[PDB]
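Asker: Data: query-v7.pdb, PDB, N, CA and C atoms.
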ATOM      1  N   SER Z   5       0.840  -1.226   0.000  1.00  0.00           N
ATOM      2  CA  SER Z   5       0.000   0.000   0.000  1.00  0.00           C
ATOM      3  C   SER Z   5       0.862   1.258   0.000  1.00  0.00           C
ATOM      4  N   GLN Z   6       0.389   2.293  -0.689  1.00  0.00           N
ATOM      5  CA  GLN Z   6       1.116   3.554  -0.767  1.00  0.00           C
ATOM      6  C   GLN Z   6       0.575   4.559   0.245  1.00  0.00           C
ATOM      7  N   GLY Z   7       0.048   4.050   1.355  1.00  0.00           N
ATOM      8  CA  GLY Z   7      -0.496   4.916   2.383  1.00  0.00           C
ATOM      9  C   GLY Z   7       0.278   4.828   3.683  1.00  0.00           C
ATOM     10  N   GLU Z   8       1.602   4.773   3.577  1.00  0.00           N
ATOM     11  CA  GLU Z   8       2.460   4.686   4.753  1.00  0.00           C
ATOM     12  C   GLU Z   8       3.178   6.008   4.992  1.00  0.00           C
ATOM     13  N   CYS Z   9       2.484   7.101   4.706  1.00  0.00           N
ATOM     14  CA  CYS Z   9       3.043   8.435   4.889  1.00  0.00           C
ATOM     15  C   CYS Z   9       3.122   8.788   6.376  1.00  0.00           C
ATOM     16  N   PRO Z  10       4.320   9.155   6.870  1.00  0.00           N
ATOM     17  CA  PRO Z  10       4.521   9.505   8.283  1.00  0.00           C
ATOM     18  C   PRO Z  10       3.750  10.755   8.699  1.00  0.00           C
ATOM     19  N   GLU Z  11       3.895  11.134   9.967  1.00  0.00           N
ATOM     20  CA  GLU Z  11       3.219  12.306  10.504  1.00  0.00           C
ATOM     21  C   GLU Z  11       3.745  13.580   9.856  1.00  0.00           C
ATOM     22  N   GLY Z  12       3.232  14.721  10.309  1.00  0.00           N
ATOM     23  CA  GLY Z  12       3.658  15.999   9.763  1.00  0.00           C
ATOM     24  C   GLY Z  12       3.639  16.008   8.248  1.00  0.00           C
ATOM     25  N   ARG Z  13       2.696  15.268   7.677  1.00  0.00           N
ATOM     26  CA  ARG Z  13       2.571  15.169   6.231  1.00  0.00           C
ATOM     27  C   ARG Z  13       1.236  14.539   5.838  1.00  0.00           C
ATOM     28  N   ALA Z  14       0.943  14.523   4.537  1.00  0.00           N
ATOM     29  CA  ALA Z  14      -0.290  13.929   4.055  1.00  0.00           C
ATOM     30  C   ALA Z  14      -0.143  13.392   2.633  1.00  0.00           C
ATOM     31  N   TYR Z  15      -1.125  12.597   2.208  1.00  0.00           N
ATOM     32  CA  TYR Z  15      -1.134  12.017   0.868  1.00  0.00           C
ATOM     33  C   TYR Z  15      -2.448  12.348   0.165  1.00  0.00           C
ATOM     34  N   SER Z  16      -2.356  12.962  -1.012  1.00  0.00           N
ATOM     35  CA  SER Z  16      -3.547  13.341  -1.764  1.00  0.00           C
ATOM     36  C   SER Z  16      -3.888  12.297  -2.821  1.00  0.00           C
ATOM     37  N   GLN Z  17      -4.991  11.588  -2.606  1.00  0.00           N
ATOM     38  CA  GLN Z  17      -5.432  10.561  -3.541  1.00  0.00           C
ATOM     39  C   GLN Z  17      -5.781  11.178  -4.889  1.00  0.00           C
ATOM     40  N   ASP Z  18      -6.244  12.419  -4.854  1.00  0.00           N
ATOM     41  CA  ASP Z  18      -6.611  13.133  -6.070  1.00  0.00           C
ATOM     42  C   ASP Z  18      -5.384  13.353  -6.947  1.00  0.00           C
ATOM     43  N   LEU Z  19      -4.356  13.966  -6.370  1.00  0.00           N
ATOM     44  CA  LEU Z  19      -3.121  14.233  -7.091  1.00  0.00           C
ATOM     45  C   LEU Z  19      -2.334  12.947  -7.315  1.00  0.00           C
ATOM     46  N   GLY Z  20      -2.562  11.967  -6.451  1.00  0.00           N
ATOM     47  CA  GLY Z  20      -1.871  10.698  -6.565  1.00  0.00           C
ATOM     48  C   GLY Z  20      -0.417  10.789  -6.146  1.00  0.00           C
ATOM     49  N   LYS Z  21      -0.173  11.386  -4.982  1.00  0.00           N
ATOM     50  CA  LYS Z  21       1.186  11.534  -4.474  1.00  0.00           C
ATOM     51  C   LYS Z  21       1.173  12.089  -3.056  1.00  0.00           C
ATOM     52  N   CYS Z  22       2.206  11.767  -2.284  1.00  0.00           N
ATOM     53  CA  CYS Z  22       2.295  12.240  -0.909  1.00  0.00           C
ATOM     54  C   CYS Z  22       3.048  13.559  -0.827  1.00  0.00           C
ATOM     55  N   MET Z  23       2.610  14.406   0.092  1.00  0.00           N
ATOM     56  CA  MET Z  23       3.226  15.707   0.306  1.00  0.00           C
ATOM     57  C   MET Z  23       3.442  15.931   1.798  1.00  0.00           C
ATOM     58  N   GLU Z  24       3.593  17.183   2.198  1.00  0.00           N
ATOM     59  CA  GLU Z  24       3.811  17.506   3.602  1.00  0.00           C
ATOM     60  C   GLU Z  24       2.553  18.060   4.249  1.00  0.00           C
ATOM     61  N   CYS Z  25       2.554  18.066   5.570  1.00  0.00           N
ATOM     62  CA  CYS Z  25       1.430  18.585   6.340  1.00  0.00           C
ATOM     63  C   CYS Z  25       1.641  20.059   6.641  1.00  0.00           C
ATOM     64  N   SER Z  26       2.905  20.465   6.718  1.00  0.00           N
ATOM     65  CA  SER Z  26       3.235  21.857   6.972  1.00  0.00           C
ATOM     66  C   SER Z  26       2.565  22.746   5.931  1.00  0.00           C
ATOM     67  N   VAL Z  27       2.232  22.156   4.781  1.00  0.00           N
ATOM     68  CA  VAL Z  27       1.576  22.900   3.711  1.00  0.00           C
ATOM     69  C   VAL Z  27       0.177  23.335   4.133  1.00  0.00           C
ATOM     70  N   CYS Z  28      -0.468  22.506   4.939  1.00  0.00           N
ATOM     71  CA  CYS Z  28      -1.810  22.796   5.423  1.00  0.00           C
ATOM     72  C   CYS Z  28      -1.778  23.896   6.480  1.00  0.00           C
ATOM     73  N   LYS Z  29      -1.603  25.136   6.035  1.00  0.00           N
ATOM     74  CA  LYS Z  29      -1.549  26.272   6.948  1.00  0.00           C
ATOM     75  C   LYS Z  29      -2.739  27.205   6.736  1.00  0.00           C
ATOM     76  N   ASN Z  30      -2.659  28.040   5.705  1.00  0.00           N
ATOM     77  CA  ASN Z  30      -3.728  28.983   5.401  1.00  0.00           C
ATOM     78  C   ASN Z  30      -4.475  28.576   4.135  1.00  0.00           C
ATOM     79  N   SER Z  31      -3.811  28.712   2.990  1.00  0.00           N
ATOM     80  CA  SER Z  31      -4.412  28.359   1.708  1.00  0.00           C
ATOM     81  C   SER Z  31      -4.926  26.923   1.722  1.00  0.00           C
ATOM     82  N   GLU Z  32      -6.243  26.774   1.822  1.00  0.00           N
ATOM     83  CA  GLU Z  32      -6.861  25.455   1.845  1.00  0.00           C
ATOM     84  C   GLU Z  32      -7.333  25.047   0.453  1.00  0.00           C
ATOM     85  N   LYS Z  33      -6.658  24.061  -0.125  1.00  0.00           N
ATOM     86  CA  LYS Z  33      -7.004  23.569  -1.453  1.00  0.00           C
ATOM     87  C   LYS Z  33      -6.440  22.172  -1.671  1.00  0.00           C
ATOM     88  N   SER Z  34      -6.489  21.355  -0.625  1.00  0.00           N
ATOM     89  CA  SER Z  34      -5.981  19.991  -0.693  1.00  0.00           C
ATOM     90  C   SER Z  34      -6.820  19.053   0.166  1.00  0.00           C
ATOM     91  N   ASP Z  35      -7.220  17.926  -0.414  1.00  0.00           N
ATOM     92  CA  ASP Z  35      -8.019  16.939   0.304  1.00  0.00           C
ATOM     93  C   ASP Z  35      -7.121  15.926   1.013  1.00  0.00           C
ATOM     94  N   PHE Z  36      -5.828  16.236   1.095  1.00  0.00           N
ATOM     95  CA  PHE Z  36      -4.866  15.350   1.737  1.00  0.00           C
ATOM     96  C   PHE Z  36      -4.595  15.750   3.174  1.00  0.00           C
ATOM     97  N   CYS Z  37      -4.956  16.969   3.542  1.00  0.00           N
ATOM     98  CA  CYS Z  37      -4.748  17.418   4.909  1.00  0.00           C
ATOM     99  C   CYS Z  37      -5.493  16.525   5.894  1.00  0.00           C
ATOM    100  N   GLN Z  38      -6.180  15.509   5.378  1.00  0.00           N
ATOM    101  CA  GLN Z  38      -6.899  14.583   6.228  1.00  0.00           C
ATOM    102  C   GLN Z  38      -6.009  13.399   6.564  1.00  0.00           C
ATOM    103  N   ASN Z  39      -4.905  13.278   5.836  1.00  0.00           N
ATOM    104  CA  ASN Z  39      -3.964  12.194   6.080  1.00  0.00           C
ATOM    105  C   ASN Z  39      -3.112  12.527   7.293  1.00  0.00           C
ATOM    106  N   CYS Z  40      -2.673  13.776   7.341  1.00  0.00           N
ATOM    107  CA  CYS Z  40      -1.859  14.287   8.441  1.00  0.00           C
ATOM    108  C   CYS Z  40      -2.418  13.841   9.793  1.00  0.00           C
ATOM    109  N   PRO Z  41      -1.816  12.806  10.408  1.00  0.00           N
ATOM    110  CA  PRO Z  41      -2.263  12.287  11.696  1.00  0.00           C
ATOM    111  C   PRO Z  41      -1.634  13.025  12.874  1.00  0.00           C
ATOM    112  N   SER Z  42      -2.285  12.944  14.031  1.00  0.00           N
ATOM    113  CA  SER Z  42      -1.791  13.601  15.235  1.00  0.00           C
ATOM    114  C   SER Z  42      -1.730  12.621  16.402  1.00  0.00           C
ATOM    115  N   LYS Z  43      -1.490  11.351  16.089  1.00  0.00           N
ATOM    116  CA  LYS Z  43      -1.407  10.313  17.110  1.00  0.00           C
ATOM    117  C   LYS Z  43      -0.297  10.622  18.111  1.00  0.00           C
ATOM    118  N   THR Z  44      -0.079   9.704  19.049  1.00  0.00           N
ATOM    119  CA  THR Z  44       0.953   9.876  20.068  1.00  0.00           C
ATOM    120  C   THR Z  44       0.598  11.016  21.017  1.00  0.00           C
ATOM    121  N   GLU Z  45      -0.239  10.715  22.006  1.00  0.00           N
ATOM    122  CA  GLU Z  45      -0.657  11.713  22.982  1.00  0.00           C
ATOM    123  C   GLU Z  45       0.541  12.251  23.757  1.00  0.00           C
ATOM    124  N   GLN Z  46       0.709  13.569  23.736  1.00  0.00           N
ATOM    125  CA  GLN Z  46       1.816  14.209  24.440  1.00  0.00           C
ATOM    126  C   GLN Z  46       1.604  14.164  25.952  1.00  0.00           C
ATOM    127  N   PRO Z  47       0.398  14.530  26.420  1.00  0.00           N
ATOM    128  CA  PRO Z  47       0.066  14.533  27.848  1.00  0.00           C
ATOM    129  C   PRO Z  47      -0.044  13.120  28.415  1.00  0.00           C
ATOM    130  N   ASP Z  48       1.104  12.505  28.685  1.00  0.00           N
ATOM    131  CA  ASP Z  48       1.136  11.153  29.230  1.00  0.00           C
ATOM    132  C   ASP Z  48       2.493  10.852  29.858  1.00  0.00           C
ATOM    133  N   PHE Z  49       2.835  11.598  30.903  1.00  0.00           N
ATOM    134  CA  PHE Z  49       4.105  11.412  31.595  1.00  0.00           C
ATOM    135  C   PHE Z  49       3.944  11.636  33.097  1.00  0.00           C
ATOM    136  N   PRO Z  50       3.700  10.557  33.863  1.00  0.00           N
ATOM    137  CA  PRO Z  50       3.527  10.644  35.317  1.00  0.00           C
ATOM    138  C   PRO Z  50       4.639  11.444  35.989  1.00  0.00           C
ATOM    139  N   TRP Z  51       4.480  11.695  37.285  1.00  0.00           N
ATOM    140  CA  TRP Z  51       5.470  12.451  38.044  1.00  0.00           C
ATOM    141  C   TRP Z  51       5.615  13.865  37.489  1.00  0.00           C
ATOM    142  N   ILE Z  52       6.024  14.794  38.348  1.00  0.00           N
ATOM    143  CA  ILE Z  52       6.201  16.183  37.942  1.00  0.00           C
ATOM    144  C   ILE Z  52       7.677  16.569  37.934  1.00  0.00           C
ATOM    145  N   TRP Z  53       8.512  15.682  37.398  1.00  0.00           N
ATOM    146  CA  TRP Z  53       9.947  15.929  37.327  1.00  0.00           C
ATOM    147  C   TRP Z  53      10.359  16.336  35.916  1.00  0.00           C
ATOM    148  N   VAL Z  54      11.468  17.068  35.815  1.00  0.00           N
ATOM    149  CA  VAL Z  54      11.981  17.530  34.526  1.00  0.00           C
ATOM    150  C   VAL Z  54      10.858  18.066  33.636  1.00  0.00           C
TER     151      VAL Z  54
END
Would it be possible to restate this file's structure as structure tokens?

Answerer:
Amino acid sequence: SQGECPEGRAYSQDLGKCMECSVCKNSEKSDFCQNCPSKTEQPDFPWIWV
């Protein structure tokens, strides 16, 4: 499968190619910004050290 695009990026099925997620800022004209995942919950570190 060609859908193994990492985070901070997306893949546009329309254009038929993977791009970046940083592109999804202001100008909205891509149906790939839905690929850009945000998994890996940051708020998950017990104790209040460091």

Asker: Would you mind reading off the distance between atom N of residue 9 (chain Z) and atom C of residue 24 (chain Z), one decimal, in Å?

Answerer: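 One can read the atom N of residue 9 (chain Z) to atom C of residue 24 (chain Z) distance as 11.0 Å.
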
Asker: Please return, as JSON, numbers by chain, all residues of chain Z that DSSP assigns to strand (DSSP E or B) on the basis of the backbone.

Answerer: {"Z": [13, 14, 15, 16, 21, 22, 23, 24]}

Asker: For the atom pair atom N of residue 14 (chain Z) and CA of residue 44 (chain Z), what is the interatomic distance in Å to one decimal place?

Answerer: 16.2 Å

Asker: Hey, what comes out of the PyMOL selection byres (((chain Z and resi 8 and name CA) around 12) and name CA) on this file? Could you write it as a list in words?

Answerer: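 With the PyMOL selection byres (((chain Z and resi 8 and name CA) around 12) and name CA) on this model, the match is residues 5, 6, 7, 9, 10, 11, 13, 14, 15, 21, 22, 23, 39, 40 and 41 of chain Z.
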
Asker: One decimal, Å: what's the distance from atom C of residue 16 (chain Z) over to atom C of residue 32 (chain Z), could you say?

Answerer: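 Rounded to one decimal, the two atoms are 13.6 Å apart.
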
Asker: With all atoms listed in the file as the counted atoms, please give the residues lying no more than 6.5 Å from residue 17 (chain Z), apart from itself and same-chain residues fewer than 3 positions off, as number ranges by chain.

Answerer: Z: 20-21, 35-36

Asker: Please enclose the listed atoms of region 32-48 of chain Z in an axis-aligned box, pad each side by 5 Å, and write out the centre and the three edge lengths in Å, rounded to one decimal, as AutoDock Vina command-line options.

Answerer:
--center_x -2.8 --center_y 18.2 --center_z 14.1 --size_x 20.5 --size_y 27.1 --size_z 41.5
